[PDB]
Amino acid sequence: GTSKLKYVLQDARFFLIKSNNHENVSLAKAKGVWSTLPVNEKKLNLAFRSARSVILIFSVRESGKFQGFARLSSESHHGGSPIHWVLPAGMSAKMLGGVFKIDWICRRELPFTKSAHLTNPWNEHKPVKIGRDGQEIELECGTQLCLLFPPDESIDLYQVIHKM
Ligand SMILES: CNc1nc(Cl)nc2[nH]cnc12
């Protein structure tokens, strides 16, 4: 069903995450962590304090798809055991140094062809697939986008609801 999912998404904020490779999204699904560049790290930390739920919606660049979405369970933190991100050219471990804990809500894929009817007011009403890493997605667009994903029957939202 979709009722607990809708409850988690109620009054949530949504951010598009654009990963340069599949490896880091796979690592994030395994370990429940994400790291981003400092400009987006600051934005996500602000949002985490401001809203009942902050949702990251993941897309691997050039994949033509979203790979799932997750809810922040912490602000970023440093000093943990270094996460073995595969680094793109020009990107270093130091500027992925802040680590967010996340709880996956859906680890299933959604092709961009299925979200072509959704436009993001915060990016000039371009299709929601379009946007830089960190682009915020307006509430209604983000809610509808998350509801398009196939159900992930491996996930139980009971614990996530109690973190709000
Ligand atoms: C683990 N974080 C990231 N990994 C990759 Cl491959 N690309 C990115 N662009 C913004 N953040 C990232």
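One is the number of the first residue shown, and numbering goes on along the chain from there.
Structure determined by X-ray crystallography, 1.5 Å.
Using the three backbone atoms N, Cα and C, a Cβ is placed for every residue, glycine included.
According to Swiss-Prot, the feature domain 'YTH' maps to 12-149. The feature RNA binding site is assigned by Swiss-Prot to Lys18, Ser19, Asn20, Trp34, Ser35, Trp85, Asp133. The phosphoserine annotation in Swiss-Prot covers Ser81, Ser92.
Features as recorded by Swiss-Prot, highlighted on the structure.
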residue: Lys18; record: RNA binding site; Cβ contacts under 8 Å, 6 or more apart: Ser59, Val60, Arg61, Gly131, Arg132, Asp133
residue: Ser19; record: RNA binding site; Cβ contacts under 8 Å, 6 or more apart: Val25, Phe58, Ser59, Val60, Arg61, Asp133
residue: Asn20; record: RNA binding site; Cβ contacts under 8 Å, 6 or more apart: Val60, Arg61, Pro88, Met91
residue: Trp34; record: RNA binding site; Cβ contacts under 8 Å, 6 or more apart: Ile17, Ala28, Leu56, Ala70, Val99, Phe100, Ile102
residue: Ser35; record: RNA binding site; Cβ contacts under 8 Å, 6 or more apart: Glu41, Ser76, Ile83, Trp85, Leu96, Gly97, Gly98, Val99, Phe100
residue: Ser81; record: phosphoserine; Cβ contacts under 8 Å, 6 or more apart: none
residue: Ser92; record: phosphoserine; Cβ contacts under 8 Å, 6 or more apart: none
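Shown for the domain 'YTH' (12-149): DSSP residue counts in helix, strand and coil, namely 43 helix, 40 strand, 55 coil.
Summarising the RNA site geometry, the residues cited as binding it (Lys18, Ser19, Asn20, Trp34, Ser35, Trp85, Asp133) extend over a maximum Cα to Cα distance of 16 Å. Other than the site residues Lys18, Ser19, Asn20, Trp34, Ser35, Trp85, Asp133, same-chain residues with C-beta atoms no more than 8 angstroms from the centre of those residues' C-beta atoms, the RNA site, are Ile17, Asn24, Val25, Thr36, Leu96.
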